[PDB]
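A quick write-up on the structure given underneath.
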Number of protein chains: 4
Amino acid sequence: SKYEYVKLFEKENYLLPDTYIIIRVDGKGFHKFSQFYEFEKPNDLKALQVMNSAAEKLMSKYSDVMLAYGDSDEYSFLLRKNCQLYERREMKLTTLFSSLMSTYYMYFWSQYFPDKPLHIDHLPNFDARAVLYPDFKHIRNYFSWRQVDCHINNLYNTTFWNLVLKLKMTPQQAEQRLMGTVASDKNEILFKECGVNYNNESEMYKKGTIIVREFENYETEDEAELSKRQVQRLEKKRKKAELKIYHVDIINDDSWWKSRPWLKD
Amino acid sequence: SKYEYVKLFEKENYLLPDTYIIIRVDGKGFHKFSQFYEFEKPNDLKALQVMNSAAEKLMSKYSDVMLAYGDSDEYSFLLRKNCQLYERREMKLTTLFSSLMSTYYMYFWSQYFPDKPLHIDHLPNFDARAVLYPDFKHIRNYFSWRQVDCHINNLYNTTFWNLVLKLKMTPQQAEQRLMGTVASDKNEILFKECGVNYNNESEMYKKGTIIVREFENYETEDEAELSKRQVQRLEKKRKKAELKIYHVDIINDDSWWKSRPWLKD
Amino acid sequence: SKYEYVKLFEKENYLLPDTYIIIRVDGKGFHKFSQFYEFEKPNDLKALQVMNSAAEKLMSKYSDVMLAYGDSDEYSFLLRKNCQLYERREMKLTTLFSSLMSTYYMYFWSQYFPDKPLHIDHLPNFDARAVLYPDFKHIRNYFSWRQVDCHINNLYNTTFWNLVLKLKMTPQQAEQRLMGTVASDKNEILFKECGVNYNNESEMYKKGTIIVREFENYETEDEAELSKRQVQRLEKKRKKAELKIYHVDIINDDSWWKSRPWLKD
Amino acid sequence: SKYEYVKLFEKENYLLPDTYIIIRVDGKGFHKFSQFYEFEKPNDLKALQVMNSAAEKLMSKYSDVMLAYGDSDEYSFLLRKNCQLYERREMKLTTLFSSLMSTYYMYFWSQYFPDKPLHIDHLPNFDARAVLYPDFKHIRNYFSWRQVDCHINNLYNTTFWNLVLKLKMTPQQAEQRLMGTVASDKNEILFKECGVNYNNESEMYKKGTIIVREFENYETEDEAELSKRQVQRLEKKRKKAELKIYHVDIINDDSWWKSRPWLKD
Ligand SMILES: Nc1nc2c(ncn2[C@@H]2O[C@H](COP(=O)(O)OP(=O)(O)OP(=O)(O)O)[C@@H](O)[C@H]2O)c(=O)[nH]1
Ligand SMILES: Nc1nc2c(ncn2[C@@H]2O[C@H](COP(=O)(O)OP(=O)(O)OP(=O)(O)O)[C@@H](O)[C@H]2O)c(=O)[nH]1
Ligand SMILES: Nc1nc2c(ncn2[C@@H]2O[C@H](COP(=O)(O)OP(=O)(O)OP(=O)(O)O)[C@@H](O)[C@H]2O)c(=O)[nH]1
Ligand SMILES: Nc1nc2c(ncn2[C@@H]2O[C@H](COP(=O)(O)OP(=O)(O)OP(=O)(O)O)[C@@H](O)[C@H]2O)c(=O)[nH]1
Ligand SMILES: Nc1nc2c(ncn2[C@@H]2O[C@H](COP(=O)(O)OP(=O)(O)OP(=O)(O)O)[C@@H](O)[C@H]2O)c(=O)[nH]1
Ligand SMILES: Nc1nc2c(ncn2[C@@H]2O[C@H](COP(=O)(O)OP(=O)(O)OP(=O)(O)O)[C@@H](O)[C@H]2O)c(=O)[nH]1
Ligand SMILES: Nc1nc2c(ncn2[C@@H]2O[C@H](COP(=O)(O)OP(=O)(O)OP(=O)(O)O)[C@@H](O)[C@H]2O)c(=O)[nH]1
Ligand SMILES: Nc1nc2c(ncn2[C@@H]2O[C@H](COP(=O)(O)OP(=O)(O)OP(=O)(O)O)[C@@H](O)[C@H]2O)c(=O)[nH]1
Ligand SMILES: [Mg+2]
Ligand SMILES: [Mg+2]
Ligand SMILES: [Mg+2]
Ligand SMILES: [Mg+2]
Ligand SMILES: [Mg+2]
Ligand SMILES: [Mg+2]
Ligand SMILES: [Mg+2]
Ligand SMILES: [Mg+2]
Ligand SMILES: [Mg+2]
Ligand SMILES: [Mg+2]
Ligand SMILES: [Mg+2]
Ligand SMILES: [Mg+2]
C-alpha cells in the first residue's frame, strides 16, 4: 500500500511502569443533565445508585481495579501499580473507561428510570483522565482529597437548596447568603433557619461511595520474582474476589487501609 | 487543604496548533458483538445504519468536524486544523468521542432493533485515538487508506461468506480456499462459482460511508487576520451547514476534494 | 540479566513526521558570563563571531540544517521538513545540539580569546529545545519573531549603554529613563541626547546573523516517490552546499525567501 | 506583535513529581574519539580521570545530585526524589547536563593532556536522557545493571587486549577466541596464557567509579509538612556536603546502601 504510511503519525503513550494509576471519570455537563431529568435536589438517591451500579459492573469486569470512590457525577478507579491492561496505553485505558461508564450508566438508567426515557440531546457522557502516582501515600492523599471535596460540596448544596426550598429564596439570594461562610456557618444556617440537622444526612451523601475489592486469604506473595502461571493464577484469584460497598471515612481511618494490604501491592 | 497537592501529578497534552486532527473510533470486540446480536453476513444494513446515524448525529453537534468516513465497526473524523474544541486537549477529545459514539450507538440501536434489546455484557464500546497530520496531502492519503481497506475487506468477507452459505463450506475450508488469493481471483470465484457479481453489491458496502459538511457560497475568507465578530459569525455558519452522505470513491477523484476547499481550511 | 529490565522505564519522544523542526539554543547565564570576561558593551564583536563560528561549524556538520539565525546569546536552527536525523528523537536532537554548541563555542573561544583563558566556574553552557511547525508560514513568522526581538533588544541596549557611557548616568537612572518608552522614543534619546545615528551601527548588530545553505541548480525534485540512492545523492549534495552569511532583513523581504525554495522542502 | 504567537507551538515536558530521576550521559562516538587521541588500552588512566573530574565538578555545583556512577564513556546521575531543579523540566535538565559534561570534559582534558590539544573535528560531546523510577529498588537495580555491564566490558576488553598485546594476535583471532565464553573462561585465558590475574587490576577499572554525597549527622528529617526556611537551610547543607569517591561493589553490598538513607529521599 502507498497509503499505509499514515499509520506512522500515530503516537502511543505508555504509562510509566510500576506506578499506581488513577483513572478518574467525571460526568460532562451534569448540571444541565441533572436539571433536564429533574434530579431531586440536593441529592437524588436513585441517580447515585445508577453511578454506583455502573462503577461496580466496570470494576467486576476488570480485576486490576482494586478500589473505587464515587460521589456526585464522578468516579475514581484505582488500578494496581503492576497493571498491564492494554499494555498500559493511556489512549486505550481512558477511552475505554469513559466509553464503559457512559454505556453502563445508560443501561442502568433504563432500569431505574423506565418512565424517563433518554433524549438524544441528553445522553449521559463522561470524560476520563489517567493520573500516575509513584507512592501509595499519594493514593491515600488522592482519595482523602476527593472525599474532602465531597463533604464540602455536599454541605454547600444541602445548605443552598434548603435556603431555596425551605426559606423560598431565589438562587441568587441563596448564593449571596452563603458568600463568606465556612462549614460551621452553613451548619448553623441549616439547623437554626431551615430546621435541618446536617449530621443526620445519609452516610452516602456525607461521605460518598467506596467500592473495594475484598480478598480473604491474602499473603503478600505478589512479587517480581515469581511469574507465568503464578501471575495467571493471581489474575484468576483477583477476578474471583468480592466487591463490598461502604459509606465511611477513609481520610482519618488509617487502620481501614492497613487492614487492606492488597491495595498497596 | 493538605491533600490538594495531588492535582500536580496530572499531566495535560495539548495537541500541536494549526494541524489536522484525525480522531478514529473503533468498536471493541465487534466480532463477538456482531455474533451475539445475530448480524447478517457479510453486511448487516441496519447495523451500519446505527453506525451512520451515530456519526452524523455526533458530527452535527460539533461544527469543527468537517468530514467523516466509516466502514465495518469504525469511524474516522477530520477536525479542521484551527479547531479549538476543548483547547485541543488530547484526553478531552478522545474520551468525548468514545463516549459520544458509544451512547449514540446505544440510542440508535434501540431505534433500529426494538426486538433485539441490548444485554449488559454486550454493550457497544469504542476506543478512540487522535492522530496529527501536518499537511492535507496526508489527510487525503489517510482516507484513501481506509477506503482501500474497505474494498479489500468487503471483497474478502463477501467471497468468504458466499462460499460458506452457497457452496456449504465450513469456516476453515472457505478460509483455506482463500489463502493465497488476490482480488481478481476472489472476483472470479464469486462470479463463476457462486453466481454473484461483486460490482452489483450495494455502493455503501463497496465504498463505505462518507459524511461531509457542505457549504454553498464558500470563499477562503478563513485567515488569522480577521477576528472578533468575524470568526463567531463563521462559526455560526459552520453549525448551520449541511451534512450530506455519499458512497463514492474518494481515492482517485481529485475533483471531489477540490470542489470542497473547506476540507483544507 | 535480572537487572537489565530497568531499560524499559525509558520513554522516547519521536517528533511528528513531515514537520519543520526548529531547534533554538540559548546561552545559560550569559549575563554573568559576559560580565566575568568583560565583554564590550552593548555588543562585543569578537564575542558574536565566536557564536557565529560555532553555529556555522555545527551547520556544516549536519546537512539537515537549512537555515540558522543567531543574535545575542542565542541561535535557532531550522531542520528540513523530511529530516530523519536520529529518527527525529527529541532527546537525541536537543542534547546533541546543546553539547555541540557548548564545545564548539569553547573551541572557538580559545581561538578568538587567547588572552582570556576560561575559568572552570564560568564555562559556556547552552540549553536546547525543539519546536514543531506544520506550515512554512509559521517558520517565516518564527524568524520574523526573532529578528524583531533582535532589533528591540539592540535598540534598547544601544540606548541604555549610551546613557551610561556618554551621559555618565547610573545603571539605575539609565534603566528608569527608558521605562515606558517605545522605539521612536529610544531613537530620539540616541539622536538628540547622545548624538548617535542608530543606522550607522554595524548591520550585524541591528539585524543579527543569518546562515543559509545555498544551492545553485536546485529543482524541487523532492517527493516521497523518489527513494533509495536518489535520496542518498540528495544528501551528498546537501552536505556539500555552500553556507552563506547575511546581515539583512528577512521580516519583510518576501523575495529573499521565495528565491530560496529549498528552505520550504 | 503579530509574530510572537509562534511561542505557543512549544511543548514542555514536566517530569512526574516525587519520582527518582536518573540522568545518563554517554560520549558521542567515543570509540573514534579514543582512537584519534590514542587512549591507552584496555584502560587509559588519565582519560578516566578526566571523566571523573567532570562528573565530580558537575556534582559539586548541583546539590540535587545525590549519587553518580561512571565507567567507559558514560556517567549516570541520581537526582533526589524531591528535586525541583528547573521545575523538573526534562528539556532543561537533560540539555544542561549534556552541555555541562561536555564542557567540563573539555576543560579537564586540557589539564590532563596539555600535549594532546583537541582537534575541532573531534571535540568531546555527550547525549543525555532522563529516566524515571517510581521505587528505590529500581535505583539499586539500575546501578547494579550498569556495574554488571562495566564488569562484563572490562573483563572482556582486558582479556581481548592481552591477547593482542601479549600474544601478538590479530583482532579477528582474538575475537573468535573469545566468542562463546563466560567469565571463568576469560579469567583462565588471562591466568594460564597471559600470566595476568584479573583481581589484581585497579579497583577503578574493575568496578568503575562511584561518587557519593556523604552526610554525617543525617536523620530522615524530610517530610511534606516541613517547608520554607527549614528547606533553605537544608539546601545549604546539601550544597556544602562532601563528595567521596569509591570503587567498590554496590550490587550486593546492601549495608553500603542501607547506611546511606539520604539516597532514597
Ligand atoms: N501499517 C500498519 N497497519 C496496522 C498496524 N497495526 C494495525 N494496523 C491496521 O490498521 C487498521 C486500524 O486498526 P487499529 O485498531 O488502529 O489497529 P490494531 O491492530 O487494532 O491496534 P490497536 O487497536 O491500537 O490495539 C487495522 O485494519 C489494522 O489492520 C501496523 O502496525 N502497521
Ligand atoms: N441534583 C443533583 N445534581 C447532581 C447530583 N450529582 C451530580 N450532580 C450535578 O453535577 C454537578 C457536579 O459538578 P461538576 O461535575 O464538577 O460539573 P459538571 O456540571 O458535571 O460539568 P463538567 O465540568 O463538564 O464535568 C453538580 O453541580 C450537580 O449539578 C445529584 O445527585 N443530584
Ligand atoms: N487544586 C486545584 N483543584 C482544582 C483545579 N481545577 C479544578 N479543581 C478541582 O478538581 C476537581 C476535579 O475536576 P476536574 O474535572 O479535574 O477539573 P475541571 O475544572 O472540570 O477542569 P477539566 O479538567 O476541564 O474537567 C474539581 O471538582 C475542582 O474542584 C485547580 O486548578 N487546582
Ligand atoms: N457479520 C457482520 N460482522 C460485522 C459487521 N460489522 C462489523 N462486524 C465485525 O466486526 C469486525 C471488525 O474488525 P475489528 O473491529 O478490527 O475487530 P474487533 O472484533 O472489533 O476487535 P478490536 O480490535 O478490539 O476492535 C469484523 O471481523 C466483523 O466480524 C457487519 O455488519 N456484519
Ligand atoms: N535490555 C535492553 N538493553 C538495551 C536496549 N537498547 C540498548 N540497550 C543497552 O543499554 C546500554 C546503554 O546504551 P544506550 O546508549 O542507552 O543505548 P544505545 O544502544 O546507545 O541506543 P541510543 O543511545 O538510544 O542511541 C547499551 O550498552 C545497550 O547495549 C534494549 O532495548 N533492551
Ligand atoms: N556585553 C555583551 N553582553 C552580551 C552580549 N551578548 C549577550 N550578552 C549578555 O547575555 C545576555 C543575554 O540574555 P538572556 O539570554 O536572555 O539571559 P542569560 O543571562 O543568557 O541567562 P538565561 O536566562 O538562563 O538564558 C544579555 O543581557 C547580555 O548581558 C554581547 O555581545 N556583549
Ligand atoms: N510571547 C511570549 N514571549 C516569551 C515567553 N516566554 C519567554 N518569552 C520571550 O521570548 C524570548 C525567548 O527566550 P526563552 O528562553 O524561550 O524565554 P525564557 O523565559 O528563558 O524561557 P525558559 O528559558 O524556558 O525558562 C525570551 O527572551 C523572552 O523574553 C512567552 O511565554 N510568550
Ligand atoms: N582505549 C580506550 N577506549 C575507551 C576508553 N573508554 C571508552 N573507550 C571507547 O569508548 C567506546 C564506548 O562505546 P559506546 O559508548 O557504546 O559507543 P560510542 O563510540 O561512544 O558511540 P555512541 O554509541 O554513538 O555513543 C568503547 O568502545 C571504547 O572504544 C578507554 O579508557 N580506553
Ligand atoms: Mg471537569
Ligand atoms: Mg462533571
Ligand atoms: Mg464531578
Ligand atoms: Mg484495534
Ligand atoms: Mg473494532
Ligand atoms: Mg474495525
Ligand atoms: Mg531561556
Ligand atoms: Mg541566555
Ligand atoms: Mg538570549
Ligand atoms: Mg547511546
Ligand atoms: Mg557512547
Ligand atoms: Mg557508552
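To be explicit about the labels: the chains of the C-alpha cells are called A, B, and onward in the order shown, and within each one the residues are counted from 1, while ligands get numbers from 1 in the order they are shown.
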**Report entry** Counting only C-alpha atoms, chain A residues within 10 Å of chain C, as a ChimeraX atom specification
**Finding:** /A:2,6,8-18,225
Query raised in the report: Hey, which residues come within 8 Å of ligand 20 if we count only C-alpha atoms and all ligand atoms? Could you give them as a PyMOL selection string?
Result: chain D and resi 26-27+30+72-74
Just write the chosen residues, N, CA and C atoms, as a PDB file, in the first residue's frame.
```
ATOM      1  N   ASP D  26      26.235   9.908  27.850  1.00  0.00           N
ATOM      2  CA  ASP D  26      27.116   8.991  27.154  1.00  0.00           C
ATOM      3  C   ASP D  26      27.849   9.683  26.018  1.00  0.00           C
ATOM      4  N   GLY D  27      29.156   9.460  25.960  1.00  0.00           N
ATOM      5  CA  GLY D  27      30.007  10.084  24.969  1.00  0.00           C
ATOM      6  C   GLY D  27      29.597   9.782  23.547  1.00  0.00           C
ATOM      7  N   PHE D  30      32.645   7.861  21.025  1.00  0.00           N
ATOM      8  CA  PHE D  30      33.877   7.772  21.805  1.00  0.00           C
ATOM      9  C   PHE D  30      34.803   6.618  21.446  1.00  0.00           C
ATOM     10  N   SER D  72      33.754   3.735  31.308  1.00  0.00           N
ATOM     11  CA  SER D  72      33.809   3.921  29.864  1.00  0.00           C
ATOM     12  C   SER D  72      33.479   5.363  29.511  1.00  0.00           C
ATOM     13  N   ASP D  73      32.549   5.552  28.581  1.00  0.00           N
ATOM     14  CA  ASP D  73      32.200   6.898  28.162  1.00  0.00           C
ATOM     15  C   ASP D  73      30.861   7.336  28.741  1.00  0.00           C
ATOM     16  N   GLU D  74      30.487   6.764  29.881  1.00  0.00           N
ATOM     17  CA  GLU D  74      29.200   7.091  30.482  1.00  0.00           C
ATOM     18  C   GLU D  74      29.289   7.559  31.929  1.00  0.00           C
TER      19      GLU D  74
END
```
Query - All residues 12 Å or closer to residue 7 of chain B, only C-alpha atoms, same chain fewer than 2 positions away omitted, as a PyMOL selection string - result: (chain A and resi 22+24+129-133+138-139+141-143+145-146) or (chain B and resi 1-5+9-12) or (chain D and resi 16-17)
With N, CA and C atoms retained, write the just-selected residues as a PDB file, in the first residue's frame.
```
ATOM      1  N   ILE A  22      -4.460   6.089  38.715  1.00  0.00           N
ATOM      2  CA  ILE A  22      -5.819   6.506  38.991  1.00  0.00           C
ATOM      3  C   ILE A  22      -6.503   6.893  37.693  1.00  0.00           C
ATOM      4  N   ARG A  24      -9.870   8.709  36.598  1.00  0.00           N
ATOM      5  CA  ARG A  24     -10.989   9.477  37.103  1.00  0.00           C
ATOM      6  C   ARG A  24     -11.920   9.738  35.947  1.00  0.00           C
ATOM      7  N   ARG A 129      -9.559  10.687  32.589  1.00  0.00           N
ATOM      8  CA  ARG A 129      -8.146  11.005  32.622  1.00  0.00           C
ATOM      9  C   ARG A 129      -7.378  10.016  33.477  1.00  0.00           C
ATOM     10  N   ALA A 130      -6.133   9.783  33.093  1.00  0.00           N
ATOM     11  CA  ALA A 130      -5.241   8.939  33.863  1.00  0.00           C
ATOM     12  C   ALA A 130      -4.225   9.796  34.602  1.00  0.00           C
ATOM     13  N   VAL A 131      -4.009   9.478  35.873  1.00  0.00           N
ATOM     14  CA  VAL A 131      -3.000  10.171  36.652  1.00  0.00           C
ATOM     15  C   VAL A 131      -2.096   9.123  37.283  1.00  0.00           C
ATOM     16  N   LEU A 132      -0.790   9.360  37.227  1.00  0.00           N
ATOM     17  CA  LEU A 132       0.171   8.428  37.800  1.00  0.00           C
ATOM     18  C   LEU A 132       0.602   8.818  39.209  1.00  0.00           C
ATOM     19  N   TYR A 133       0.643   7.848  40.117  1.00  0.00           N
ATOM     20  CA  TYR A 133       1.155   8.129  41.449  1.00  0.00           C
ATOM     21  C   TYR A 133       2.227   7.122  41.857  1.00  0.00           C
ATOM     22  N   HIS A 138       0.510   8.971  48.163  1.00  0.00           N
ATOM     23  CA  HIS A 138      -0.173   9.899  47.272  1.00  0.00           C
ATOM     24  C   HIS A 138      -1.572   9.376  46.934  1.00  0.00           C
ATOM     25  N   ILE A 139      -1.714   8.052  46.957  1.00  0.00           N
ATOM     26  CA  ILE A 139      -3.001   7.398  46.741  1.00  0.00           C
ATOM     27  C   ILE A 139      -3.933   7.706  47.911  1.00  0.00           C
ATOM     28  N   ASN A 141      -3.577  10.249  49.835  1.00  0.00           N
ATOM     29  CA  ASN A 141      -3.863  11.668  49.737  1.00  0.00           C
ATOM     30  C   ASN A 141      -4.846  11.985  48.619  1.00  0.00           C
ATOM     31  N   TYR A 142      -4.826  11.194  47.546  1.00  0.00           N
ATOM     32  CA  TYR A 142      -5.759  11.439  46.448  1.00  0.00           C
ATOM     33  C   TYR A 142      -7.195  11.198  46.880  1.00  0.00           C
ATOM     34  N   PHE A 143      -7.444  10.060  47.518  1.00  0.00           N
ATOM     35  CA  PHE A 143      -8.796   9.745  47.936  1.00  0.00           C
ATOM     36  C   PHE A 143      -9.274  10.613  49.094  1.00  0.00           C
ATOM     37  N   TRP A 145      -8.375  13.713  49.398  1.00  0.00           N
ATOM     38  CA  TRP A 145      -8.694  14.928  48.654  1.00  0.00           C
ATOM     39  C   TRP A 145     -10.098  14.891  48.074  1.00  0.00           C
ATOM     40  N   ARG A 146     -10.456  13.759  47.489  1.00  0.00           N
ATOM     41  CA  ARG A 146     -11.744  13.620  46.830  1.00  0.00           C
ATOM     42  C   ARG A 146     -12.880  13.511  47.828  1.00  0.00           C
TER      43      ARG A 146
ATOM     44  N   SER B   1      -5.957  23.115  52.067  1.00  0.00           N
ATOM     45  CA  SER B   1      -6.006  21.657  52.112  1.00  0.00           C
ATOM     46  C   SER B   1      -4.600  21.074  51.967  1.00  0.00           C
ATOM     47  N   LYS B   2      -4.314  20.041  52.750  1.00  0.00           N
ATOM     48  CA  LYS B   2      -3.012  19.376  52.744  1.00  0.00           C
ATOM     49  C   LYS B   2      -2.958  18.264  51.701  1.00  0.00           C
ATOM     50  N   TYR B   3      -4.084  18.014  51.040  1.00  0.00           N
ATOM     51  CA  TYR B   3      -4.182  16.924  50.071  1.00  0.00           C
ATOM     52  C   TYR B   3      -4.322  17.371  48.613  1.00  0.00           C
ATOM     53  N   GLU B   4      -4.608  18.647  48.376  1.00  0.00           N
ATOM     54  CA  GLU B   4      -4.948  19.097  47.026  1.00  0.00           C
ATOM     55  C   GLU B   4      -3.696  19.137  46.150  1.00  0.00           C
ATOM     56  N   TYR B   5      -2.538  18.981  46.778  1.00  0.00           N
ATOM     57  CA  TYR B   5      -1.268  18.928  46.063  1.00  0.00           C
ATOM     58  C   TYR B   5      -1.234  17.816  45.001  1.00  0.00           C
ATOM     59  N   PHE B   9       0.123  16.064  39.970  1.00  0.00           N
ATOM     60  CA  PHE B   9       0.621  14.874  39.301  1.00  0.00           C
ATOM     61  C   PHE B   9      -0.072  14.673  37.956  1.00  0.00           C
ATOM     62  N   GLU B  10      -1.134  15.445  37.713  1.00  0.00           N
ATOM     63  CA  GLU B  10      -1.865  15.339  36.452  1.00  0.00           C
ATOM     64  C   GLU B  10      -1.041  15.944  35.333  1.00  0.00           C
ATOM     65  N   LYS B  11      -1.105  15.337  34.157  1.00  0.00           N
ATOM     66  CA  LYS B  11      -0.368  15.865  33.028  1.00  0.00           C
ATOM     67  C   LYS B  11      -1.249  16.042  31.793  1.00  0.00           C
ATOM     68  N   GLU B  12      -1.415  17.280  31.328  1.00  0.00           N
ATOM     69  CA  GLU B  12      -2.201  17.513  30.112  1.00  0.00           C
ATOM     70  C   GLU B  12      -1.350  17.444  28.850  1.00  0.00           C
TER      71      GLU B  12
ATOM     72  N   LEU D  16       7.149  13.665  36.166  1.00  0.00           N
ATOM     73  CA  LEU D  16       6.326  13.239  37.309  1.00  0.00           C
ATOM     74  C   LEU D  16       6.913  13.560  38.685  1.00  0.00           C
ATOM     75  N   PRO D  17       6.153  14.293  39.514  1.00  0.00           N
ATOM     76  CA  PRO D  17       6.615  14.680  40.852  1.00  0.00           C
ATOM     77  C   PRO D  17       6.934  13.465  41.727  1.00  0.00           C
TER      78      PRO D  17
END
```
Requested in this report: Write out as a PyMOL selection string the residues lying within 12 Å of residue 162 of chain D, counting only C-alpha atoms and excluding same-chain residues fewer than 2 positions away.
Outcome: chain D and resi 41-43+154-160+164-171+174-175+178+186-187+189-191+193-198
**Report entry** Test item: residues at most 8 Å from residue 208 of chain C, only C-alpha atoms, excluding those fewer than 5 positions along its chain, as an NGL selection string
**Finding:** :C and (69-71 or 147 or 150 or 203 or 247-248)
Report task. Please identify which residues in segment 13-144 of chain C DSSP calls helix (DSSP H, G or I) from the backbone, and express them as a ChimeraX atom specification. Result -> /C:30-36,45-61,85-88,90-112,136-144
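Near residue 44 of chain C, within 12 Å and counting only C-alpha atoms, sit residues 34, 35, 37, 38, 39, 49, 50, 51, 71, 72, 73, 112, 113, 202, 204 and 205 of chain C, not including residues fewer than 5 positions from it in the same chain.
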Grab the residues selected above and save them as an mmCIF file, in the first residue's frame with N, CA and C atoms.
```
data_model
loop_
_atom_site.group_PDB
_atom_site.id
_atom_site.type_symbol
_atom_site.label_atom_id
_atom_site.label_comp_id
_atom_site.auth_asym_id
_atom_site.auth_seq_id
_atom_site.Cartn_x
_atom_site.Cartn_y
_atom_site.Cartn_z
ATOM 1 N N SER C 34 29.128 37.269 30.433
ATOM 2 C CA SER C 34 29.585 38.433 29.681
ATOM 3 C C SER C 34 30.220 39.482 30.578
ATOM 4 N N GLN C 35 29.791 39.515 31.832
ATOM 5 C CA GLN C 35 30.400 40.402 32.808
ATOM 6 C C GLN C 35 31.751 39.864 33.257
ATOM 7 N N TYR C 37 33.948 37.942 31.789
ATOM 8 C CA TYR C 37 35.026 38.003 30.812
ATOM 9 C C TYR C 37 35.125 39.381 30.165
ATOM 10 N N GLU C 38 34.420 40.342 30.757
ATOM 11 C CA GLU C 38 34.474 41.744 30.359
ATOM 12 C C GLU C 38 34.173 41.946 28.871
ATOM 13 N N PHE C 39 33.034 41.423 28.417
ATOM 14 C CA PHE C 39 32.520 41.694 27.073
ATOM 15 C C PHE C 39 32.371 43.195 26.852
ATOM 16 N N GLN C 49 31.273 36.716 17.001
ATOM 17 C CA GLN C 49 31.945 35.924 15.981
ATOM 18 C C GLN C 49 32.244 34.510 16.475
ATOM 19 N N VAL C 50 32.474 34.364 17.774
ATOM 20 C CA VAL C 50 32.598 33.037 18.361
ATOM 21 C C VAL C 50 31.283 32.271 18.213
ATOM 22 N N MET C 51 30.165 32.924 18.533
ATOM 23 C CA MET C 51 28.844 32.309 18.358
ATOM 24 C C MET C 51 28.580 31.929 16.899
ATOM 25 N N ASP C 71 21.478 35.769 17.371
ATOM 26 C CA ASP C 71 21.690 37.101 17.901
ATOM 27 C C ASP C 71 21.892 36.957 19.396
ATOM 28 N N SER C 72 22.570 37.921 20.011
ATOM 29 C CA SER C 72 22.803 37.879 21.444
ATOM 30 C C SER C 72 23.462 36.551 21.802
ATOM 31 N N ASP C 73 22.907 35.855 22.786
ATOM 32 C CA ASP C 73 23.455 34.573 23.197
ATOM 33 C C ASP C 73 22.633 33.405 22.666
ATOM 34 N N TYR C 112 39.584 32.967 19.435
ATOM 35 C CA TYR C 112 39.355 34.412 19.421
ATOM 36 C C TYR C 112 39.823 35.110 20.684
ATOM 37 N N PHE C 113 39.863 34.379 21.792
ATOM 38 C CA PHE C 113 40.287 34.983 23.054
ATOM 39 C C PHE C 113 41.414 34.257 23.787
ATOM 40 N N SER C 202 26.768 48.813 13.176
ATOM 41 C CA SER C 202 27.019 47.638 12.348
ATOM 42 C C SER C 202 25.711 46.936 12.005
ATOM 43 N N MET C 204 25.205 43.799 11.450
ATOM 44 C CA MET C 204 25.100 42.596 12.273
ATOM 45 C C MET C 204 24.438 42.895 13.614
ATOM 46 N N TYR C 205 24.787 44.031 14.207
ATOM 47 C CA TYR C 205 24.214 44.430 15.489
ATOM 48 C C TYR C 205 22.724 44.726 15.340
#
```
Query raised in the report: When DSSP works through the backbone of this structure, what residues of segment 3-247 of chain A end up as strand (DSSP E or B), shown as JSON, numbers by chain?
Result: {"A": [14, 20, 21, 22, 23, 24, 25, 26, 27, 65, 66, 67, 68, 69, 70, 71, 74, 75, 76, 77, 78, 79, 89, 126, 127, 128, 129, 130, 131, 132, 133, 209, 210, 211, 212, 213, 214, 242, 243, 244, 245, 246]}
Go through chain C and flag each residue having an atom no more than 12 Å from ligand 18; for those, report the closest pair of atoms plus their distance in Å to one decimal, using only C-alpha atoms and all ligand atoms, ordered by chain and rising number, as a tab-separated table.
```
residue	atom	partner	partner_atom_place_in_ligand_line	distance
C:86	CA	ligand 18	1 (Mg)	10.9
C:91	CA	ligand 18	1 (Mg)	11.2
C:92	CA	ligand 18	1 (Mg)	9.2
C:96	CA	ligand 18	1 (Mg)	11.5
```
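Counting from atom CA of residue 28 of chain C, the distance to atom CA of residue 106 of chain C is 13.6 Å.
By chain and then residue number, the residues within 10 Å of segment 243-246 of chain B are residues 52, 56, 57, 59, 60, 66, 67, 68, 69, 203, 204, 207, 208, 209, 210, 211, 212, 213, 214, 215, 240, 249 and 250 of chain B, counting only C-alpha atoms and disregarding those fewer than 3 positions away in sequence.
Interatomic distance, atom CA of residue 218 of chain C to atom CA of residue 78 of chain C: 18.7 Å.
Atom CA of residue 128 of chain A lies 9.9 Å from atom 22 (P, counted along the ligand's line) of ligand 3.
If you measure from each of C:125, C:102, C:82, C:63 to ligand 6 using only C-alpha atoms and all ligand atoms, the closest one turns out to be C:125.
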